[PDB]
Every structure is written in C-alpha cells, then in structure tokens.
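Accompanying notes for the structure given below.
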Amino acid sequence: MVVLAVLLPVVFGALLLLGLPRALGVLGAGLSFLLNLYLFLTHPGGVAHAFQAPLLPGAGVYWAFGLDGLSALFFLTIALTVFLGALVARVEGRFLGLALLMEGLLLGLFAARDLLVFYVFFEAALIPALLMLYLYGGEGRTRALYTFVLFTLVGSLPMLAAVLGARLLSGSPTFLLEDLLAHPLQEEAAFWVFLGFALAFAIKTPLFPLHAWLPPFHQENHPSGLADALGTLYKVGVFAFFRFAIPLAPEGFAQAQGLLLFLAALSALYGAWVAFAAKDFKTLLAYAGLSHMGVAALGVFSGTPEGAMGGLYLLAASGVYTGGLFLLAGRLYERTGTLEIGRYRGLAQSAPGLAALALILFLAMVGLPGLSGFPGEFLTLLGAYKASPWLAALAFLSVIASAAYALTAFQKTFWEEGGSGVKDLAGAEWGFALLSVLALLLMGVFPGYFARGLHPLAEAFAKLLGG
Amino acid sequence: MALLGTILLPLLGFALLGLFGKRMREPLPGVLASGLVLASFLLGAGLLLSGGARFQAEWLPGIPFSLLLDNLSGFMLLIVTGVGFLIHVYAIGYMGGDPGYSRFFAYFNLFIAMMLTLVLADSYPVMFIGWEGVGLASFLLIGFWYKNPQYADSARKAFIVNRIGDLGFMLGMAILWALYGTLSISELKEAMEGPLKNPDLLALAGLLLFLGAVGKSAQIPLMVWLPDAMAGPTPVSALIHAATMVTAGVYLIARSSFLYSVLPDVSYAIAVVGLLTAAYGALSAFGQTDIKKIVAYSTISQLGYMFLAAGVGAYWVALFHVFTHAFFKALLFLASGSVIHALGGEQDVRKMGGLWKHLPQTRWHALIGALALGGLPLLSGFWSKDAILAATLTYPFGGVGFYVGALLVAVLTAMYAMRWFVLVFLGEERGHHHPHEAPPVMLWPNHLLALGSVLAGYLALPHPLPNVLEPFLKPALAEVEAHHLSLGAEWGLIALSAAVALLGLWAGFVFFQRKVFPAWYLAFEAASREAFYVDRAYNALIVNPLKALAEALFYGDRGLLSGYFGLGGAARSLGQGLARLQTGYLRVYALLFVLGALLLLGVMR
Ligand SMILES: CCCCCCCCCCCO[C@@H]1O[C@H](CO)[C@@H](O[C@H]2O[C@H](CO)[C@@H](O)[C@H](O)[C@H]2O)[C@H](O)[C@H]1O
Numbered sequence: 001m002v003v004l005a006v007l008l009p010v011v012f013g014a015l016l017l018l019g020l021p022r023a024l025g026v027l028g029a030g031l032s033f034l035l036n037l038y039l040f041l042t043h044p045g046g047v048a049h050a051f052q053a054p055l056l057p058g059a060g061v062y063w064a065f066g067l068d069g070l071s072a073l074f075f076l077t078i079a080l081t082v083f084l085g086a087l088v089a090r091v092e093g094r095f096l097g098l099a100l101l102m103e104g105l106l107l108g109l110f111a112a113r114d115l116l117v118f119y120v121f122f123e124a125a126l127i128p129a130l131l132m133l134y135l136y137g138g139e140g141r142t143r144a145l146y147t148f149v150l151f152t153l154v155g156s157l158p159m160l161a162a163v164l165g166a167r168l169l170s171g172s173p174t175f176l177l178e179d180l181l182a183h184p185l186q187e188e189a190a191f192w193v194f195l196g197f198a199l200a201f202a203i204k205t206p207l208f209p210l211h212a213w214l215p216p217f218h219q220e221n222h223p224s225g226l227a228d229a230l231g232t233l234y235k236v237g238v239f240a241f242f243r244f245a246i247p248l249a250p251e252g253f254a255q256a257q258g259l260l261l262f263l264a265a266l267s268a269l270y271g272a273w274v275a276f277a278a279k280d281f282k283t284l285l286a287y288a289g290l291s292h293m294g295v296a297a298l299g300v301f302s303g304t305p306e307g308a309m310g311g312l313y314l315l316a317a318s319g320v321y322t323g324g325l326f327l328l329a330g331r332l333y334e335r336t337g338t339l340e341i342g343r344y345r346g347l348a349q350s351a352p353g354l355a356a357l358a359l360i361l362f363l364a365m366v367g368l369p370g371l372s373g374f375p376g377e378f379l380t381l382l383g384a385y386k387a388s389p390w391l392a393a394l395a396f397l398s399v400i401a402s403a404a405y406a407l408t409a410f411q412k413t414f415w416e417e418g419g420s421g422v423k424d425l426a427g428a429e430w431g432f433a434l435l436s437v438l439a440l441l442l443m444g445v446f447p448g449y450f451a452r453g454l455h456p457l458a459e460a461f462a463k464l465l466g467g
Numbered sequence: 001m002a003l004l005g006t007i008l009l010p011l012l013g014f015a016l017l018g019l020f021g022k023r024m025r026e027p028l029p030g031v032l033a034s035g036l037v038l039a040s041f042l043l044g045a046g047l048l049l050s051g052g053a054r055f056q057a058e059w060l061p062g063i064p065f066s067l068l069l070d071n072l073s074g075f076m077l078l079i080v081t082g083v084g085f086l087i088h089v090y091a092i093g094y095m096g097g098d099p100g101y102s103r104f105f106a107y108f109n110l111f112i113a114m115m116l117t118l119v120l121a122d123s124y125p126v127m128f129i130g131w132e133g134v135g136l137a138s139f140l141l142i143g144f145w146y147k148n149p150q151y152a153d154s155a156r157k158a159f160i161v162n163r164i165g166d167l168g169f170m171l172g173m174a175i176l177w178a179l180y181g182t183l184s185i186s187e188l189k190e191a192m193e194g195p196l197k198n199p200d201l202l203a204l205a206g207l208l209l210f211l212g213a214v215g216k217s218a219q220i221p222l223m224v225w226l227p228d229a230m231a232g233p234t235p236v237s238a239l240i241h242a243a244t245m246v247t248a249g250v251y252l253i254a255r256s257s258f259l260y261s262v263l264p265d266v267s268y269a270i271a272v273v274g275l276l277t278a279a280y281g282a283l284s285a286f287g288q289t290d291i292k293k294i295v296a297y298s299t300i301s302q303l304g305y306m307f308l309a310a311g312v313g314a315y316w317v318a319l320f321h322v323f324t325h326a327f328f329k330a331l332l333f334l335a336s337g338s339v340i341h342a343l344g345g346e347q348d349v350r351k352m353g354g355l356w357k358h359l360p361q362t363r364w365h366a367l368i369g370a371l372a373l374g375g376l377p378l379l380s381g382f383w384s385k386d387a388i389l390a391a392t393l394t395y396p397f398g399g400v401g402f403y404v405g406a407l408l409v410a411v412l413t414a415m416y417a418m419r420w421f422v423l424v425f426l427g428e429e430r431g432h433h434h435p436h437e438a439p440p441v442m443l444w445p446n447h448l449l450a451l452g453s454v455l456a457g458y459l460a461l462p463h464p465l466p467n468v469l470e471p472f473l474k475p476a477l478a479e480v481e482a483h484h485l486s487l488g489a490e491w492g493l494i495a496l497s498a499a500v501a502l503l504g505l506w507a508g509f510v511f512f513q514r515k516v517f518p519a520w521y522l523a524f525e526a527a528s529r530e531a532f533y534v535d536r537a538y539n540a541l542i543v544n545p546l547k548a549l550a551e552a553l554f555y556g557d558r559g560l561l562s563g564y565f566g567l568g569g570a571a572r573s574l575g576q577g578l579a580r581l582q583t584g585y586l587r588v589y590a591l592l593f594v595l596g597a598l599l600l601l602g603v604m605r
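Which chain is which? The protein sequence lines are M and L, in order. Take 1 as the starting number for the first sequence in the deposited numbering and just add one per residue. Take 1 as the starting number for the second sequence in the deposited numbering and just add one per residue.
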C-alpha cells in the first residue's frame with residue numbers, strides 16, 4: 001500500500017547516501033517503479049489505499065495518504081522517470097540516494113491527502129533539490145541555488161498564511177482535504193487564501209514573470225542532468241492549483257482566472273519562442289519546459305473537464321520525455337564533453353539509432369500525435385478554446401516554435417556533417433531507449449488507459465466551478 | 001480489424017528496417033517494403049470489394065478511434081497503395097549501392113502507413129495522426145542524405161511550414177467540438193444536416209481547416225515549402241508530389257464536403273486560392289533551370305487546379321484530376337529519376353539536351369507524361385482538365401471569371417511541359433554517359449504508369465459518354481450539388497480544351513527549341529526561376545524578424561532575471577542600512593532606545 005511506496009525510495013536513498021553502492025539503489029528505483037506500476041494497474045476509484053495517522057492532532061494535522069486516478073498516474077510517471085535516470089545515470093557520485101530521497105518526497109507530495117502534510121513535502125523536497133545543486137556541479141552553483149531556493153520559498157512561506165486561513169476562516173476541524181472542502185470560505189477570504197496559494201503555485205508552475213529561476217537552475221546542475229529531470233518532476237505547480245488552490249478558494253480563482261489564463265498562454269508562446277535562441281541543451285530544455293507548463297496551466301485554468309484532464313495528462317507525460325531529453329543530453333555530453341548544440345555537429349552514422357531515440361523524444365516534446373505530448377496538448381486546446389478562444393490561439397502559436405527549436409537543435413546536434421565519431425549505445429542506454437520509447441508510444445497511443453482516472457476528477461472538479 | 005491491417009502492414013514492416021534493416025542484404029528491404037504495400041493495396045482492395053470496412057476503438061474519452069473505408073476512402077487507398085507500390089519497386093532500383101537502404105524503405109513504409117491512417121479515418125484527430133505523421137515522414141525523407149546542410153534545412157522547412165497549417169487544422173478541429181461535440185466525420189456530417197448553427201463560426205472552422213489544407217497540398221501562401229522538398233531522392237519527390245501528401249490537401253476538402261457545401265463565402269475563397277496557386281505556379285514554372293524544381297512547380301500548379309475544382313463545388317471532379325495526376329506526375333518524376341540515374345545525378349537542363357537516341361524507352365515515358373500534363377486531347381490530364389474547366393461554368397460559385405483564367409493556365413501548362421521535354425531530350429548534347437543502365441526494375445513499373453496515364457482518362461467521360469467515377473464517388477460523400485449542363489455546348493467546351501491544348505503544346509515545341517530568347521524571357525527566366533521573388537519576401541518581415549525576436553526576448557528574459565537580482569540587492573541595501581544603524585557608540589544606542597520606547601508607548605493606550 002501507499003506509505004510503503006512513498007517510503008521505499010526514501011529508505012533506499014537513505015541506504016544509498018551512507019551505505020552505497022549504486023546498483024542496490026538502482027534496483028531500488030526499479031522496485032519503486034514496479035511497485036508504482038503495479039499500483040497503476042489495480043485501483044478501482046478515488047480513495048484507493050487510504051492512510052490516516054495522528055501527527056499533531058489538536059493542530060488538525062494528520063499523516064493522510066491515498067491514490068486518486070491522478071496520484072496513481074503520477075506515481076507511475078515519477079517512478080518511471082527517476083528509474084530511467086537511475087539506470088542511465090553516469091552521475092552516480094552516490095547521490096542517486098539524494099535522487100531517490102527526492103523521489104520519495106515527491107511521491108509523498110502527490111499522495112498527500114491533507115493540506116499541511118502537502119506543505120511539508122512541498123518544502124521538504126527543496127532539500128535534495130538544493131543539495132544536488134550545490135555539492136554536485138555547476139560553476140554558477142551558488143547563484144542558481146540561492147535564486148531557485150529564495151524564489152520557491154518567498155512564494156512558499158506566505159502560502160502558509162493561506163493554508164492556515166484555509167482552515168481557520170472556514171471553521172474546518174482539521175487539515176484534511178475532505179474536511180477543508182466540506183467547509184467553504186466566503187469571498188474576500190477565499191480571495192486572499194486563493195491568492196496566497198496562487199503566488200506559490202504560479203512561481204512553482206512556472207508562469208511568465210515568475211519563471212526566471214528556471215534557466216539558471218537547469219544550467220548549473222550536473223551536466224548529465226538527473227537533478228534536472230527531478231527538478232522537472234518538482235514542477236508540481238499546475239497539480240497544486242488543480243488539487244488544492246482552486247477547490248479550496250474558487251470564489252477567488254474566479255477573479256484571478258482571466259489573468260491566470262493569460263499568463264499561461266503567453267508563457268507557452270514565449271517559452272517556445274525564446275527556446276529557439278538557446279545555445280545549450282540545458283537552457284533549451286528549460287524554456288521548453290516553461291512552454292509545456294504554460295500549456296498545462298492553460299488547460300487547468302480553463303474550467304472545462306476536457307482542458308483540466310488534458311493539462312494534468314500533459315504534465316504527467318511531459319515528465320517522462322523532458323526528463324528523458326535531459327538525461328540524453330547528459331549522455332551525449334559524457335561522450336562529447338559539452339552541452340553546446342553547435343559544436344560536434346553530425347553524430348548520426350557515428351552513433352546508431354541514438355538519433356532515433358533523441359528524435360522520438362523531440363517529437364514527443366513538440367507533441368506529435370501518437371506520442372505522449374499530443375493527447376494532453378490536444379485536450380488542453382479543446383478546453384482552452386471553450387474558456388477563451390483568443391488565448392487558446394495565442395498560446396497555440398506554439399507548435400510552430402516547438403518544431404522550430406526541437407528540429408533545429410536535433411539537426412545541428414545529429415544530422416549534419418560527420419564529426420570525430422562516438423560510442424554506440426551502452427547496455428544501460430539500451431534499457432533506457434527501449435523502456436522510454438515503449439512508454440512514450442503507450443501513453444501516446446493509449447491515452448485511453450492512462451487518464452481514465454483523470455476523467456471523474458476532471459468533470460467533478462469542473463462542476464466545482466459550476467453550481 | 002482487417003481494415004487496421006492495411007495500416008499496420010507498412011508499420012509492422014517499417015519497424016523491422018529501423019530495428020534491424022542493416023541485418024539484411026541489399027535487394028531485400030525494398031522487397032519487404034513493396035511486399036507489404038502490395039498486400040496493403042491487395043488486402044485492402046479485398047475489403048473495398050467486400051463493400052467497405054470499419055474500425056472503432058478506445059482512445060481519449062468522447063473522441064474514439066475510428067477508421068472508415070468507403071468509396072471515397074477506397075479510391076484514395078488504391079491510388080496511394082498502388083502508385084506507391086510501383087514507386088517502391090522503382091525505388092528498389094534507383095536506390096542502389098546507397099547505405100540507408102533500410103532507412104529509406106523504413107521511412108517509406110512509415111510514410112505509406114501514415115497516409116493510410118490519414119485517408120482511413122472517421123475522426124479528425126486520427127486524421128491528424130495522419131497529417132502530422134505524413135509530414136514527419138516527409139521530413140525524414142526530404143533530409144534522407146542528412147550529411148548535407150541544405151538537405152536538412154529542406155526537411156526542417158517542410159515540418160515547420162507544414163505545421164503552420166497543422167495549427168489551423170487543430171483550431172478548426174476545436175471549433176467543431178465546442179460547437180457540435182462529436183469530432184467524428186460521420187456523426188459530424190449527420191449533425192450538420194439541418195439549419196446548422198452559428199454559420200459565421202462554422203465558416204471560421206472550415207476556413208481554418210482550409211488554411212490547414214493549404215500547407216499540406218502546398219497552396220499559397222504556404223506554397224514555398226514544396227519546391228525545396230526536391231532535396232530527397234527522386235522517388236520521394238514522386239510520392240510526395242503525386243500519390244500522397246499533397247493529395248490529402250484535396251481529400252480533406254472532399255471529406256469535409258458536407259461542411260463546405262453549406263459555405264458560399266468560404267468555397268469562393270478556396271476556388272480563388274486554387275486558381276491563384278495554379279497561375280502563380282505555372283508562370284514561375286518554366287523559369288526553373290532544374291529538371292526537379294520545374295516539375296515541382298507543375299505539382300503546385302496542378303494541385304491549384306484541383307483546389308479550384310473542389311472550390312466551386314465539384315468535389316468528385318477534383319478527385320478525378322487527383323487520380324489522373326497521381327498517374328502522370330509519378331510518371332514524370334520517375335522518368336526524370338531514370339534520366340539522372342543515367343547522368344549520375346546531373347539534374348540540370350541547360351547542361352542537358354538531346355537524350356532522344358541514347359536513352360531507349362525513357363523518351364517515350366517522358367513524352368507520354370509531358371503530353372498528359374500538357375493535356376493531349378486523348379489522354380488523362382486532358383479529360384480531367386476539361387472536366388474541371390466545364391465544372392467551373394456549370395456549378396454554383398460563378399466560374400465565368402475562373403474559367404478563362406484556368407484556360408490561360410491551361411495554355412501555360414502545355415507551354416512549360418513542352419519546355420521541359422524539349423530542353424531535356426532535344427537540341428544537341430552536353431556531358432558524358434555510356435551504355436543505358438535504365439534497368440528492368442526502374443523502367444518496368446515506370447512503363448505501367450504510362451499505361452495508367454493514357455487510360456486514366458475515360459473513367460469519367462462527359463455526360464452521355466460512360467462515366468463511372470461519379471457514381472462511385474458521390475454516394476460515399478459530397479452528395480449536395482446544383483449543376484446545369486447542355487449537350488453540344490459542353491462539347492464546344494471540350495473541343496476548345498482539345499484545340500487550345502494542342503495549340504499550346506505545338507507552340508511550346510518550337511518556342512523552347514528556339515535558342516534566341518529576347519528581352520523579357522530574360523526578364524521572365526529570372527523571376528520565374530526565383531518564383532517571382534516570394535521566398536526573398538517571406539524572409540523579409542516574416543522569418544528573419546521572428547528569428548531575431550527569439551534572441552530579443554531571450555536577452556529580455558535575462559534582463560528580467562537581472563531585475564529580480566535587483567530586488568535581491570534592494571534587500572541587501574536596506575539590510576546593510578539597518579545594520580549601519582549600529583555605530584558602536586553607546587550614546588547612539590541610548591538615543592535609539594529612548595526613541596523606541598517612546599514609539600512603543602505611543603502605539604498602545
Ligand atoms: C514495438 C516495437 C517498436 C518498433 C519501433 C522501432 C523503430 C525505430 C526506427 C527509427 C529510425 O531508424 C533509422 O534506421 C537505422 C537504425 O539504426 C539508422 O540508420 C543506420 O543504420 C542503417 C541501416 O541500413 C544504415 O544504413 C544507416 O547508414 C545508418 O544511419 C538510423 O539512424 C535511424 O534513424
């Protein structure tokens with residue numbers, strides 16, 4: 001059950017930090033992966049495997065866990081992404097333990113069935129994030145770190161004012177999500193609470209003016225970029241909105257909603273647009289992530305069960321191919337020595353169908369139908385147009401820019417004139433390719449099975465914004 | 001399920017050449033490829049002969065996965081898989097000693113599978129898997145020899161410019177969901193029986209759908225991507241320009257006929273863009289000094305003809321022309337491919353000429369072809385062209401203004417076709433090549449095309465003469481139409497088409513043999529070779545400014561982060577200002593203290 005799956009990477013990671021070696025923790029990421037996958041193919045409905053334990057009661061704080069259709073999908077997504085990062089690695093300074101630790105922290109973050117524990121995990125995950133940034137790479141480690149940390153926390157601590165207000169002003173007995181929802185806030189209280197959730201969630205989404213931490217962060221992590229993949233799994237903002245910010249204070253969400261749709265839209269367009277200019281894989285993938293999150297947030301912000309389901313799905317599936325592109329960027333880095341796109345041009349023919357793997361991923365990213373990006377992107381479009389057609393269009397002056405950066409980078413990194421040569425594909429890198437492409441194809445070809453659990457949550461948390 | 005077989009065969013096949021492919025000797029990947037296309041054409045035509053086929057399955061909620069095989073779909077399936085098959089078997093020959101045999105044929109099966117997924121689709125999103133898929137396969141193939149910077153950018157431009165239209169496709173697709181809520185072509189047609197709703201909005205949806213079609217069939221303004229698609233191997237150009245890809249541009253209009261037939265405003269614009277594309281393409285056609293590009297412009301122009309056909313409400317006609325064209329364009333391109341397999345890819349015109357004797361059987365191919373494009377009175381292109389030209393006048397949406405234009409273009413098409421044939425096969429010699437090497441597997445399927453070219457014609461003859469292409473197409477889709485015709489008048493038109501065609505061909509035969517080209521064939525061979533300076537204008541305020549804006553907004557973002565840091569330094573400043581309050585002098589501390597006490601005291605009571 002749930003707490004086992006949340007703790008499993010945490011203990012394996014802890015057994016890794018001090019204990020070593022890597023492999024025992026790689027099969028740890030594998031065990032978490034198989035457990036979470038098994039958990040995906042089993043559960044009937046929203047409750048799933050509930051957990052409730054006293055933590056601070058008298059404060060209203062309980063250890064509460066469980067798997068929605070959503071939580072299950074993310075447990076699968078995350079377990080997979082991190083596992084891929086684990087068997088590929090080439091980081092393995094034995095801080096793959098920090099990685100698994102952050103994995104467990106995020107899993108708890110999504111399984112969190114009550115507000116304060118959610119907060120606990122939201123901030124606690126910052127610890128590995130900041131560590132593997134500091135002590136495991138980058139010339140500008142320190143500025144990227146204080147920027148990232150200070151940003152997320154300046155957003156975060158005032159949210160605590162809102163999480164308190166969520167319970168106090170509503171007269172809710174505890175911090176349990178169900179109870180909190182059973183006690184609605186009134187206007188100009190729901191306003192403030194929603195706002196306090198909203199700064200912390202927009203900044204961690206990220207939305208346009210609040211995204212400036214993202215490029216420094218992704219540059220200064222270890223050039224392999226495992227920490228980048230996990231940083232991308234820490235992009236939980238949209239989810240945080242959908243599950244928490246919006247349902248608890250919808251009266252305020254109503255006021256902010258125009259602005260939110262706007263920021264999401266232009267975040268998508270802007271991100272994909274400046275993504276072109278990137279001269280290194282880290283920066284490129286970063287701004288690309290900004291674009292994707294723009295789309296997702298657009299999907300949620302719309303109301304509309306379609307758009308919401310689409311946005312959540314897009315987040316889920318983009319975890320995998322964004323993380324994957326990061327890891328791969330690291331894997332061609334390791335063989336070349338730079339994340340510069342221009343230098344070391346033609347790699348295809350030197351490398352095997354590594355070109356195929358990278359291209360499959362890039363096509364998933366630009367959202368080619370049959371690959372993971374398109375289903376979410378599409379449902380998102382469907383809902384956005386319902387909400388505000390013009391911003392749907394503005395935001396979807398995107399696919400053009402996506403093809404632009406992805407194909408430009410792909411061409412200049414792989415297709416052109418033969419270089420020195422390279423390695424082919426490692427025994428690990430093959431597991432990576434196979435499992436990855438399998439995933440992309442399955443989530444792109446059967447977005448039916450994944451996101452079935454998203455359906456009830458979507459329409460119910462759409463009617464929430466109805467009567 | 002069996003219907004899905006037709007799609008899966010060139011995919012279960014495709015995957016083998018990517019996964020393995022180099023594991024095989026080098027007649028083989030072509031044999032597998034062409035074999036699966038063989039038993040896709042075959043074992044899909046069995047279905048068509050069985051009356052039709054269906055498939056419905058699990059996907060995103062509310063938007064199921066549907067393949068419909070009806071007459072309109074079967075027609076496309078047979079064109080694509082048949083002509084595609086022949087071009088595959090040819091490609092077995094023209095691609096030889098080339099590493100990436102597996103790459104080539106994997107990409108080929110991929111292409112075919114995608115196109116089938118496009119035509120066999122009962123819902124617009126599955127059709128979209130088709131569209132983006134075919135565009136992707138085009139990208140992979142245009143940049144096949146990837147070690148070339150030019151033959152990479154070619155494909156880049158392909159999958160970008162195409163995605164511009166794909167965006168419109170998506171938009172209209174969403175409009176036809178907010179509105180109806182079905183997104184399945186069949187139930188989207190059945191729900192558009194009746195009064196419709198928000199006709200302005202519906203017009204918008206159809207218009208964005210059309211703006212989608214523009215890219216895929218290379219109509220203006222998205223015309224510009226196709227000429228650069230020459231980069232890939234010749235039979236790739238054949239598939240893209242004749243049997244696949246651009247065909248979908250017309251086909252989307254033909255399926256969405258239920259939508260456009262209720263749109264007087266939009267259809268007009270569609271026909272106008274069709275004619276403009278035809279004229280533009282034809283004028284800038286002959287200026288081309290390359291055998292490849294000069295044919296590419298005929299592709300653009302002829303598809304312009306088709307969009308003019310489907311524009312004025314004659315939907316079955318546009319497909320008749322699509323069919324004939326599918327034959328004679330494949331014929332033309334494959335012919336040129338044999339020609340430069342003979343000259344080692346010389347691929348020039350002024351550096352060519354007089355290949356009449358030295359090349360057996362190729363001259364006949366290119367002659368039958370160039371004459372079919374010219375519209376030789378007893379050939380396919382002729383019957384399709386007069387069909388269109390008469391459909392112009394007879395159908396709603398006017399066609400009197402259009403007709404004369406399409407007639408002028410009908411002259412010009414003959415003219416540039418004959419320019420091509422003359423410049424290639426006539427007038428002395430330049431260069432060196434010895435014996436033949438126009439091999440079996442290249443001229444053999446190319447032969448079959450020339451037959452299909454001549455006899456594509458009479459599948460739809462004018463009214464009293466037996467017409468079997470209309471009663472096949474009309475029931476499947478596009479039923480609504482209002483056409484008035486008169487016997488003998490229409491034959492005055494057909495005779496005019498024949499006369500003017502023969503005339504144009506004859507003029508082109510001497511004019512482009514001439515060797516003296518005065519004043520403005522300089523002023524035309526310039527512009528027309530440069531496509532009337534269109535790309536140079538698209539990089540004016542369209543491309544390069546955006547390209548620049550990427551950098552602009554990048555450095556802007558850098559400035560934003562910089563500003564946040566500025567806040568940091570604001571807190572730093574304020575901070576060392578508050579810490580500067582402690583001088584170390586005790587009297588100061590006492591002053592600040594008493595002051596403070598006074599402050600706290602001042603607040604409470
Ligand atoms: C469910 C099972 C999944 C099936 C789907 C797998 C499909 C993968 C194929 C994708 C493209 O595969 C493509 O073909 C091969 C495979 O190594 C590569 O080509 C390489 O090997 C070929 C083999 O003839 C060489 O000729 C060629 O010079 C070289 O570039 C190429 O880099 C790649 O771009």
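We put the CB at the ideal spot given by N, CA and C, even for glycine.
By the Cβ neighbour-count rule, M245(L) is buried, with 16 or more other Cβ atoms within 10 Å of its own.
Within the stretch 43–77 of chain L, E58, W59, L60, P61 place their CB atoms closer than 7 Å to a CB of chain M, listed in sequence order. Placement of the Cβ of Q219(M) at a distance of 8 Å or more from every heavy atom of ligand 1 is found. Where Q257(M) is concerned, the enclosing alpha helix (DSSP H) starts and stops at 250–274. Inter-residue distance for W444(L) and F104(L) is about 21 Å (C-alpha atoms, whole angstroms). Residue pairing by DSSP puts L176(M) in a beta bridge opposite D114(M).
Between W420(L) and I160(L), the alpha-carbon positions lie close to 30 Å from each other.
With contact defined as three or more Cβ pairs closer than 8 Å, the stretch 360–368 of chain L and the stretch 267–285 of chain L are not in contact. In the three-state reduction of the DSSP assignment, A125(M) falls in the coil class, being assigned neither a helical nor a strand state.
For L359(M), the Cβ falls inside the 8 Å cut-off from some heavy atom of ligand 1. In terms of CA proximity to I300(L), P227(L) leads the group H88(L), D290(L), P227(L), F85(L).
Residues of the stretch 322–356 of chain M whose Cβ lies closer than 8 Å to any Cβ of chain L, in chain order: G346, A348, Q349, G353, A356. In this structure, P10(L) has its CB at a distance of at least 8 Å from all heavy atoms of ligand 1.
DSSP places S261(L) in the coil class of the three-state scheme, outside both helix and strand.
For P439(L), the CB contacts under 7 Å within the same chain, skipping 5 residues up- and downstream, are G93 in chain order.
In the DSSP assignment, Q52(M) falls within the unbroken beta strand (DSSP E) covering 51–54.
Following the DSSP letters along the chain, one finds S380(L) inside the alpha helix (DSSP H) bounded by residues 380–394.
If you keep only unbroken alpha helix (DSSP H) runs of at least 4 residues inside the stretch 512–563 of chain L, you get 522–525, 535–538. Contact with chain L is absent for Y119(M), since none of that chain's Cβ atoms lies less than 9 Å from the residue's Cβ. Residue state for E340(M) is assigned as strand, using DSSP reduced to three classes.
Taken through DSSP and simplified to helix, strand or coil, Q56(L) comes out as strand. In this structure, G82(L) lies away from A248(L), with their beta-carbon atoms at least 9 Å apart.
Distances from the CA of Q302(L) to each of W316(L), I291(L), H321(L), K292(L) were compared; the closest alpha carbon is that of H321(L).
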